[PDB]
Number of protein chains: 4
Amino acid sequence: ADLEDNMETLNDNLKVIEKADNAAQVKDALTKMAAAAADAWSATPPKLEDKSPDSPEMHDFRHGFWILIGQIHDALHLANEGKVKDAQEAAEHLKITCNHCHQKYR
Amino acid sequence: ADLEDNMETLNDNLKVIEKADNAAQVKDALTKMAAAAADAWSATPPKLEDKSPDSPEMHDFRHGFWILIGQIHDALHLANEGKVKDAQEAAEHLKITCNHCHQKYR
Amino acid sequence: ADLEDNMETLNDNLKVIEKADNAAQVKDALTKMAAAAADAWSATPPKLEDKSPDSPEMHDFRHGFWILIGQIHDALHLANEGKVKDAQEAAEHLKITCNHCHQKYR
Amino acid sequence: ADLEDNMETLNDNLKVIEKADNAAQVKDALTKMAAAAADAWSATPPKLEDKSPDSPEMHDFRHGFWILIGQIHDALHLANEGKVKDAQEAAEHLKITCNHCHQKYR
Ligand code: HEC
Ligand code: HEC
Ligand code: HEC
Ligand code: HEC
Ligand SMILES: [Cl-]
Ligand SMILES: [Cl-]
Ligand SMILES: [Cl-]
Ligand SMILES: [Cl-]
Ligand SMILES: [Mg+2]
Ligand SMILES: [Mg+2]
Ligand SMILES: [Mg+2]
Ligand SMILES: [Mg+2]
Ligand SMILES: [Zn+2]
Ligand SMILES: [Zn+2]
Ligand SMILES: [Zn+2]
Ligand SMILES: [Zn+2]
Ligand SMILES: [Zn+2]
Ligand SMILES: [Zn+2]
Ligand SMILES: [Zn+2]
Ligand SMILES: [Zn+2]
Ligand SMILES: [Zn+2]
Ligand SMILES: [Zn+2]
Ligand SMILES: [Zn+2]
Ligand SMILES: [Zn+2]
Ligand SMILES: [Zn+2]
Ligand SMILES: [Zn+2]
């Protein structure tokens, strides 16, 4: 799906996780976030359209997705161990990654 | 690209990294492998075609791509700090990951 | 060094990274933080002093050091590839980790 | 404890994991390996005694422990999810890391 579509999926699921009561709700939302982040990997954002695809900007753009994907991987291990409150707080650590990439490229 | 397409990209670029004589050749191959791994995220392999998407078999299948994506992340940091022998030796690491997923799911 | 000693090292070096003007100053501070985090691995904090060592509370306590050590690993790769603004911004990432463990266990 | 003492702990526990039948045996051994790797962080190996502590050799020596500690972190998540055979195979991925550091520094 397109970069904005993936960002809506990330946004909607981060809010689901915040409001969640149980591990099943949290696991399902993190699974959707993992798929959206992986799908966004290859996107070129509008502000980097005129850069070479090998520019340090596009390199640093993709580095943000490595950080986000790694954080979702850990949050899912914590949810699958039944540590719901820990998985929810780990989902809050995602916000810094969201903000760092937005600050530079949104 | 379909799973088989992404796999040929991973296979071709893993070979380039083993044969490479300079950092630019390793970096280019690692970047292509990262794109192929992220794009493979969404695929259902033939052995799991009749498993539900949000099943445990599909969760366990996708976990191998988190491992691979993390190994490519590290290899690219080694290549970009000029440690090209070290970056190439990351290939021995990636191959174990390739082999574990194939043993279970191919 | 005891836990309190390691914590002062983490606190002092996190400040150096925020104030740093060059890569060498950030790298030196990150290396000191990595040594302090690894050395804190073995500590039993006051709130868990009466929990068994191989208990779940102590496992959950030590998991925060895996997160911190992983964040310092990435920040040092960013500093060593010359991305010093990016390396300093890793401080916002580390501080979340500091705060999550303190909220639960301090 | 000293570097050789930590290496005996890593060796003995890697063999325990290989021979293990259940998740409790695997979890206990990985926990011991996590403590030994963290304790070995700050060691200077005999072959790098005459190098500066900031040499790229000592930097690359410590990088191996980041890789090992990360791999033990994942293996423990897999054991705590009850995926015993996956945790055992993840423990086998440690061998490449063992060999890469030994090849250079043992
Ligand atoms: C870069 C590596 C990013 C990360 C990590 C995240 N986002 Fe993002 N986001 C990014 C860009 C380049 C853009 C702009 C896209 C455009 O075409 O203009 C965005 C945009 C969003 C939006 C707005 C979507 C819209 O208006 O249609 C949202 C709501 C959003 N991003 C949310 C979001 C969240 C919740 C993230 C982490 C969990 C996150 N993004 C990460 C680049 C990057
Ligand atoms: C799961 C997480 C996998 C990882 C990691 C890697 N591979 Fe893979 N690969 C996987 C599957 C399920 C399949 C079969 C796909 C199908 O529809 O047939 C494959 C296939 C290959 C092939 C094709 C040859 C074959 O015998 O089918 C190749 C050449 C291949 N994969 C290479 C490869 C490499 C080099 C990897 C790591 C660097 C790698 N794969 C990882 C599942 C997974
Ligand atoms: C658990 C995994 C922790 C992480 C990660 C960090 N800290 Fe910590 N810190 C922790 C404990 C249990 C304690 C109390 C120790 C005691 O015996 O009293 C502390 C203490 C501190 C202190 C001392 C001040 C206080 O109010 O007790 C400081 C200044 C401190 N920690 C700083 C710090 C920083 C900067 C961290 C991340 C970069 C950090 N800590 C992580 C447990 C854990
Ligand atoms: C560097 C980053 C290393 C990693 C990762 C591992 N080992 Fe190691 N090991 C390392 C050095 C520098 C040495 C030599 C120490 C010396 O003082 O000469 C070793 C040694 C060992 C030994 C021999 C111990 C002895 O003879 O007393 C063993 C059995 C050993 N190492 C096992 C081992 C295993 C099982 C590892 C991964 C699971 C591993 N080591 C990682 C440096 C590094
Ligand atoms: Cl980030
Ligand atoms: Cl794997
Ligand atoms: Cl944390
Ligand atoms: Cl290694
Ligand atoms: Mg738009
Ligand atoms: Mg495709
Ligand atoms: Mg100490
Ligand atoms: Mg000796
Ligand atoms: Zn974890
Ligand atoms: Zn899992
Ligand atoms: Zn946390
Ligand atoms: Zn960041
Ligand atoms: Zn080909
Ligand atoms: Zn690294
Ligand atoms: Zn980079
Ligand atoms: Zn001080
Ligand atoms: Zn990185
Ligand atoms: Zn380095
Ligand atoms: Zn994992
Ligand atoms: Zn755990
Ligand atoms: Zn594996
Ligand atoms: Zn290696």
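What counts and what doesn't
- Residues numbered from 1 in each chain as written, not as in the entry; some residues may be left out.
- Chains lettered and ligands numbered in written order.
- Heavy atoms only, no water.
- Contact = heavy atoms within 4.5 Å.
- Buried area = accessible area lost by both parts, 1.4 Å probe.
- Salt bridge = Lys/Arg side-chain N within 4 Å of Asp/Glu carboxyl O.
- Polar contact = N/O pair within 3.5 Å; in protein donor to acceptor, adjacent residues only side chain to side chain.
- Helix = DSSP H or I, 4+ residues; strand = E, 2+ residues; numbered from the N terminus.
- Nonpolar A, V, L, I, M, F, W, Y, C, P; charged D, E, K, R; others polar.
- Donors = N, O, S within 2.8 Å, 3.2 Å for Na, K, Ca; no water.
- Buried < 20%, exposed > 50% of the residue type's maximum accessible area, 1.4 Å probe, protein only.
- Expected span 1.5 Å × (residues − 1).
- Least-squares fit on C-alpha atoms.
- Near = heavy atom within 4 Å.

### Remarks on the interface of chain A and chain C
Every contact between the two is made by 16 residues of chain A and, on the other side, 15 residues of chain C. Taken together, the two surfaces of chain A and chain C that pack against each other cover about 1300 Å², and 48% of this comes from carbon and sulfur. Broken down residue by residue, the surface that chain A buries against chain C is led by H93, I96 and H100 of chain A, which jointly contribute 33%. Linking chain A with chain C are 4 salt bridges, by the criterion used here. Applying the counting criterion to the chain A and chain C interface returns 8 residue pairs in polar contact. Those elements that place two or more of their residues in the side of chain A that touches chain C are α3 (56–80) and α4 (84–105) of chain A. Across the side of chain A that touches chain C, the residue classes break down as 3 nonpolar, 6 polar and 7 charged.

### A short note on the interface of chain A and chain B
At the interface, 17 residues of chain A touch 17 residues of chain B. Considering only the side of chain A, the residues that lose the most area to chain B are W41, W66 and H73 of chain A, jointly responsible for 37% of the buried surface there. Taken together, the connections running from chain A to chain B amount to 0 salt bridges. Linking chain A with chain B are 5 residue pairs in polar contact, by the criterion used here. Breaking the side of chain A that touches chain B down by element, the ones donating at least two residues are α2 (23–40) and α3 of chain A.

### Some points on the coordination of the zinc ion (ligand 19)
Ideal geometry at a metal centre: 109.5 degrees between donors when four sit tetrahedrally, and 90 or 180 degrees when six sit octahedrally. Distances from the zinc ion (ligand 19) to its protein donors, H59 of chain A (NE2), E81 of chain C (OE) and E81 of chain C (OE), fall within 2.1 to 2.7 Å. In this pair, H59 of chain A sits in helix α3 while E81 of chain C sits in the loop between α3 (56–80) and α4 (84–105), so the two residues belong to two different chains. In terms of burial, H59 of chain A and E81 of chain C fall into one category: buried.

### Structural notes on α3 of chain C
Residues and elements named next belong to chain C. The first and last C-alpha atoms of α3 sit 37 Å apart over 25 residues, in line with the 36 Å expected at 1.5 Å per residue. Most of α3 is tucked away, with 19 of its 25 residues classed as buried. Between a side-chain oxygen at the N-terminus of α3 and the backbone nitrogen of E57 the separation is 3.5 Å; the capping residue is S55. At the C-terminal side of α3, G82 shows a positive phi close to 85 degrees.

### Remarks on the relation of the copies chain A and chain B
Overlaying chain A on chain B yields an RMSD of 0.5 Å, the required transformation being a rotation through 179 degrees with an accompanying axial translation of 0.1 Å. What the rotation and shift describe, once combined, is the action of a two-fold rotation axis. Closest to the rotation axis within chain A is the C-alpha of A38 of chain A, separated from it by 2.4 Å.

### Re the site of ligand 1
All names here are of chain A. In the vicinity of ligand 1 lie 17 residues, with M7, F61, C98, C101 and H102 positioned nearest. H102 places a side-chain nitrogen or oxygen 2.8 Å from a nitrogen atom of ligand 1. Along the lines of polarity and charge, the residues of the shell around ligand 1 split into 11 nonpolar, 4 polar and 2 charged.

### A word on the relation of the copies chain A and chain C
The operation relating chain A to chain C is a screw motion whose rotation component is 180 degrees, with 0.2 Å of axial translation and a residual RMSD of 0.5 Å. Most of the interface of chain A is mirrored in chain C: 88% of its interface residues are interface residues there too.

### So, the site of ligand 4
All names here are of chain D. Looking at ligand 4, there are 17 residues lining it, with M7, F61, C98, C101 and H102 nearest. Measuring from a nitrogen atom of ligand 4, one finds a side-chain N or O atom of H102 at 2.8 Å. When contributions to the shell around ligand 4 are tallied by element, the ones reaching two or more residues are α1 (3–19), α3 (56–80) and α4 (84–105). Split into classes, the residues belonging to the shell around ligand 4 amount to 11 nonpolar, 4 polar and 2 charged.

### A word on the pattern of salt bridges
According to the stated counting rule, one finds 26 salt bridges over all chains in the structure shown. For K83 of chain A, the salt bridge is made with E81 of chain A, and the minimal N-O distance between the two is 2.7 Å. Its relative accessible area of 16% is what places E81 of chain A among the buried residues. Ionic pairing is found between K83 of chain A and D60 of chain C, a salt bridge with its closest N-O pair at 2.9 Å. A residue pair is termed interchain when its members come from two chains, as with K83 of chain A in the loop between α3 and α4 and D60 of chain C in helix α3. Judged by relative accessible area, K83 of chain A falls into the buried class, the value being 18%. Overall, the relative accessible area of 19% leaves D60 of chain C in the buried class. A network of salt bridges, in which partner residues are shared, links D60 and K104 of chain A together with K83 and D86 of chain C.

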